[PDB]
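Novice: Here is the sequence, then the experimental structure:
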Amino acid sequence: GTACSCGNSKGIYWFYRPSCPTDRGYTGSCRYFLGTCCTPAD
């Protein structure tokens with residue numbers, strides 16, 4: 001995955017993934033150009 005930002009933080013860029021995984025511990029996510037950015041960056 002690539003490194004993305006939701007404004008003032010870093011997150012993980014998921015290719016075509018509007019729904020973050022449950023196995024991880026993400027709180028918020030910002031829609032990306034192609035995919036989405038799940039934060040925090042784990």
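Specialist: Happy to help now that I have it. Residues are numbered from 1 along each chain as shown.
Novice: and residue 11, what element?
Specialist: Secondary structure here is read from DSSP states H and E; on that basis residue 11 sits in strand 10-14.
Novice: residues of that strand that come out buried?
Specialist: Judged by neighbour count using 16 or more other C-beta atoms under 10 Å, the buried positions of strand 10-14 are 11, 12, 13, 14. (Each C-beta comes from the backbone N, C-alpha and C, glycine too.)
Novice: same deal with stretch 20-29?
Specialist: Applying a neighbour-count criterion of 16+ other C-beta under 10 Å, the buried positions in stretch 20-29 are 20, 26, 29.
Novice: picking that back up, widest-spaced pair of the buried residues of strand 10-14?
Specialist: 11 and 14 (9.2 Å; C-beta to C-beta).
Novice: Can you pull the residues that touch both of these two?
Specialist: 37, 38 (C-beta atoms under 8 Å, 6 or more residues apart in numbering).
Novice: So which of the buried residues of strand 10-14 is the closest to residue 42?
Specialist: residue 12 (6.5 Å).
Novice: Mind checking which of the buried residues of stretch 20-29 land in strands?
Specialist: Using DSSP state E, residue 29 are the members of the buried residues of stretch 20-29 that sit in strands.
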